[PDB]
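Each of the two blocks below gives one form of the same protein chain as structure tokens; they are labelled structure 1 and structure 2.
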Structure 1
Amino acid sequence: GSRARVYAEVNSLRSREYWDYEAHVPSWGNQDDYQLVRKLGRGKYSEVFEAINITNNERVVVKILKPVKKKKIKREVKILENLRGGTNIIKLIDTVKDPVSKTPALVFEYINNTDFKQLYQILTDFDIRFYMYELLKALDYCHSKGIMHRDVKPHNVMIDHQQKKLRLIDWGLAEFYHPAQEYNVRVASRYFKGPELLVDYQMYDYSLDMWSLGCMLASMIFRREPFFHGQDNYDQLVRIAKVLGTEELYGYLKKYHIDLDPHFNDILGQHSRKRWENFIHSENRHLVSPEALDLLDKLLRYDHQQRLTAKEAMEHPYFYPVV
């Protein structure tokens, strides 16, 4: 088995109503209070609009939830309510339904995001440190609140680059951490899935988010986006092993008594561990530093229990200029 090194017991120390989301009962308002002005984006679970609340003329975001089970809606809503006011966590403002279709929708505060494909190519070293530190504040907060995000990726991190403002959004895959609990491995986007998910290890914890955050750090400093570009869920593990090494993979499997599906033995091959300096070239040298590589090496580890916690990462020398 395995347990989180930090915040393991926090949910058991809280009232049951805090984490018993199935018992939560949203109050569904009328979406006709909201004028849908502009399509801001979309995801696997919703279409997202810039909206105006017609009663107070406040600009907001309305995420219309594609059909889905009520237990999943209760989970996302309760998590958002528990995290309301947390540093750099998107604020849930309202839960509404269209009066005719009855389709549910979540109303959030509005952030003027710059699309990451365009933003990431103009970031400086200092900018990357700044935004990674802001994202870490959000993750340490939710982890301290007993919640794993489970879908950390650039599309779920909103950044207003002119106001230096960041919000971690899209808590639809988030889940409460309880020690010993076995979780669904079908979470996160392929490129950001931790090795624990790709080898079907279900007793994971907040450290899954730190893998995803290291994936983002690597893409930002090295400019290879996504950094681990698997062609499918099996090749995803291969892409990781070609960097971290195969002997190190087997050591992790052995430690947690994980049986790797036999099909993997051929496609994995044998790969030495690579020095992170190997990914530096003329197009990214001005974003890479020894301190960035040290932090990266301590996040992208097979063993989830040895990865830095969010708070440990925040104390790393890479962030001294932004503390």
Structure 2
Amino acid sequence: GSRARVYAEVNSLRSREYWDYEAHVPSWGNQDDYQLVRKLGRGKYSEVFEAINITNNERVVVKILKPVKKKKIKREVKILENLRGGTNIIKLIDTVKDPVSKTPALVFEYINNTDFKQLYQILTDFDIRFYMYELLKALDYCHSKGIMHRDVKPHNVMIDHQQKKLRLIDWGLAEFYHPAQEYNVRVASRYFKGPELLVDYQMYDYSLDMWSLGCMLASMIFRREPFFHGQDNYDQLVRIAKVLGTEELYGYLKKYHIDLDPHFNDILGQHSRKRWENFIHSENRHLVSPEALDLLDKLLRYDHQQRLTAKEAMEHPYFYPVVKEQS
């Protein structure tokens, strides 16, 4: 079938307890130590509040989990435990429960983020290189720990643009990678779904996250956010094929023995592969360089096996100015 080019066997080389999250027994502390200040957001399975730890006055966030998704709670908890101390990964401070209802919650460090819709409009060339390099550190770390994030998107990449801090958040869709395992393709936000998800190819790997990061890179350097703006999952693949080309799509499908949903017959059309330079104009030209386009071209590929790994991306010349500054 398909296997990851890096870190393919890393979970099988670790103790079973590392990846067998259904067997994980979290230590649940007392949520009563936290005073909720403000609701920050709400999703299908969780709500996040700004909070104060009343025993030490530290500001934190509390993510209250819709209880009874028990397996999924253990998964997120175990993944965060395994990622402890990872570079640019949101820090899990504690796992707590309401001591009466037993509803679980996760306590994270607080990041004073700048909303990406405002931020992306003011980023310089160097800013984009810097933040993408920092994001790559988090992905390389989690992939090396055997974990796919599966929901990389601007809302999950919190950036404090004053302190220059970046954290990859919301590990609720993340999974452990096991060679030959078939995964649910209902992951990621529509605009950040890799072609593999859109064509129902279940034997995917860490390279899914590299598609999503390529989409974010394109949106930043070209100032089109989101970059591929589908109206539904079918239209999402059409938007991708209008840039990457249809002949190239068909070669990918043939290589992996993938059959397209026949509804695509009515909507895909015929599209040449476009030059990345076609997206340059006066409003984004200062953010685009030959190195940026070369990197992007090596991320936004149909063939998940040919996309750069996070490490190879970090090694690309596009980041040399950042490396030089960090030394």
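For residue numbers, the reference is structure 1: its sequence is counted from 1. In this text, the rigid core denotes the largest set of C-alpha atoms whose superposition between the two forms falls within 1.5 Å.
- In a rigid core superposition between the two structures, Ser101 is the single residue of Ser101, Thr124, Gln162, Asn184 whose Cα is displaced by 2 Å or more.
- With the core held fixed, the Cα of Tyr256 is displaced between the two structures by less than 2 Å.
- Here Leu40 counts as shifted, since its C-alpha moves by at least 2 Å between the two structures after the core is aligned.
- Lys66 is among the residues whose C-alpha shifts by 2 Å or more between the two structures once the rigid core is aligned.
- Shown is the Cα shift of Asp266 between the two structures after rigid core superposition, which amounts to 2.2 Å.
- On rigid-core superposition between the two structures, the C-alpha of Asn53 is found to move 0.3 angstrom.
- Relative displacement of the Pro26 Cα between the two structures on rigid core alignment is 1.7 Å.
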